[PDB]
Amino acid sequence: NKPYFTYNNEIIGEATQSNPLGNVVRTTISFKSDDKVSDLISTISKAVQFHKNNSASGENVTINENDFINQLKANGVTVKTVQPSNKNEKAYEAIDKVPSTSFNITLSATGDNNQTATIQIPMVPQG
């Protein structure tokens, strides 16, 4: 009766003893220099739904942006704050430099009865 994610409405499996990569989504999110962090999070969030138990309707995953950027940074992405050119513009965070190697982003959520589900989403740099 476990909580679970879907990605574009496909049920994502658990990591199992036999298949420890059972929760790696069959997708790739591409990213490149100048991509807005908000746009990458939006792409992931549109695709991912969490289910707090086996029969529950899907709910939006809310991805913490600080956690997300720290995952990017640990995996060789450098991040820039693009500064506003005057007081009427807003700063935003964007991909600065990309690594050569793919990596997974980890997303977890806690459902009913403090049961946690985790999925891994592959990130593909374009150079």
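Sequential numbering from 1, following the sequence displayed.
K.L.:
Pick between 115-123 and 18-26: the one whose mean CA B-factor in the entry is higher.
P.N.:
Result: 18-26.
K.L.:
As stated in the PDB record, which stretch has the larger average Cα B-factor, 55-63 or 93-101?
P.N.:
According to the PDB entry, the answer is 55-63.
K.L.:
In this PDB entry, which of 78, 81, 38, 75 has the top CA B-factor?
P.N.:
So the option with the highest C-alpha B-factor is 38.
K.L.:
Classify residue 8 as lowest, middle or highest third according to the C-alpha B-factor given in the PDB entry, relative to its own chain.
P.N.:
CA B-factor rank for residue 8: middle third.
K.L.:
Tell me, lowest, middle or highest third: where does the Cα B factor of residue 71 rank within its chain?
P.N.:
Lowest third - that is where residue 71 ends up once the chain's C-alpha B-factors are sorted.
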